[PDB]
Structure formats: C-alpha cells, structure tokens
C-alpha cells in the first residue's frame, strides 16, 4: 500500500534476472570457504540473505553437508529452489522464506552461517551479536560487509553512505567488532574490484535493459533504475575509498 511495497516488487523483478544480487565472485566465495576447517557430511550450514542463491550454489558444490538459504523475498527463494531443483541438489540444498532479525534455527544448531552482501540489512554488529547463539561452539560466521578503506573521504561519498547505511566502518574497526562480539577473526580479506564490475555492475546492465523494457513508462520503475545508475557511477568515482570485506570468524568461549 506504499511505494515501498510496490518497490519490493520492482527490486525482485530487476534482480531476478541476475545470477548474483551483490558484489562477489565464485573465487571469493571459495576463498572464504578455504578458511573453514570444521566441516563434514553432517554439518548444517545456513546462508542468510541468500538472494537467488548464486553464492549458495557455489558453496553447496564444495561442501558435503546440508545448506539452507534464507531470504525475505519469496520471489528470490522461488528462484533459489528452482535452481537447486535444476542441479538435482534438493537432498542437501533448500531455500526458505524468513527474516534475519528473527531466524528460525535452534540454539547451537549450525556449524556455519554464511551471508554475502546482506548483513547490512540488520547491521554488522547486530548480526554478529544476534546470530551467535545459533552457532555450535567453535562454529563459523562468514560474512561480507561494506567497508571504508580510509579514515577521511570526500563529502559526496560520505554523505551517500551516511544516508544508505551509516554503519559502514573501517576494516580495523570491523575486526575489533568481530573480536568484541566473541569471535576469533580467523580470516579477513577485501574483495577485488572485479567482484563489483565484472560480476555485478556489468551483468546489471543486461538486467536493467530487460527491466526497463518491461516497466517502460512506469514512474517508480524509472526512478529505481536511475538510483541503480547512480550506485555504479559512485563506485567508479570513489572505489579507492570503499569496498566489501569478507570476515570469517570462529565462535570461541575464550572471547565470551
């Protein structure tokens, strides 16, 4: 009943035609996975804010345990499950609808919680704090998050982020937050520029051309499309100042 309700409609439509809905690459997903040493055929893994599950399918192909993708948008989960079905993976890979502020898991159920380009929806620290209970002792969190690369920056890019997601922070500050939340910062690495360009903005042009033909003349859709363009423009102009960082973190008692 709001522009926002109609908005979610567009977002889903727009991004449904992309293999990923945020910066990343199969190489990056597997690099993060390479730091996790606890997994077996009996492991239970969840991917939070999984989108259509592009990264989840990569993960699933390189682990033997069960993987559950969770996302707020049923349209994304329908695609997730369609793709798992195509790959014959449904014995191990399942997509479910849910909200990351209200996860359905039992305490200490999971060996691994994955989340790429999604924790910002509840906030980095909040996710670190609230998701901890769902992990087995010695289990892992592996999340990619928006980062500043410097302490000072141009007003334009600062203002953009203060409006979009003011919890963006520098990497040393973020590593400190991992530690403070009771996790050992086992690995922390910055995503390459190609995760943003080749693997996200570039496929986004094809998706945008499909979206615009479908929603031609719709005011809200054209606005939404303009915002997407701005996002890419800002990245090309300010990429020296920000990016994504992958944090792989082990839940340990010694840190709380």
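Positions refer to the first chain, counted from 1.
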Between 203 to 211 and 184 to 192, point out the one with the higher average CA B-factor as the PDB entry records it.
203 to 211
Pick between 76 to 84 and 156 to 164: the one whose mean CA B-factor in the entry is higher.
156 to 164
Go through 66, 56, 34, 229 one by one and give the residue whose Cα B-factor in the PDB entry is largest.
229
Reading the B-factor column of the entry, which of 221, 45, 30, 50 has the highest value at its C-alpha atom?
221
Taking only the Cα B-factors deposited for this chain, tell me whether residue 216 sits in the lowest, middle or highest third.
highest
Looking at the entry's B-factor column for C-alpha atoms only, identify whether residue 238 ranks in the lowest, middle or highest third of its chain.
middle
Going by the CA temperature factor in the PDB record, which third of the chain does residue 99 belong to: lowest, middle or highest?
middle
CA B-factor placement of residue 129, once the chain's modelled residues are sorted into thirds
middle
Third of the chain, ranked by Cα B-factor, where residue 147 sits:
lowest
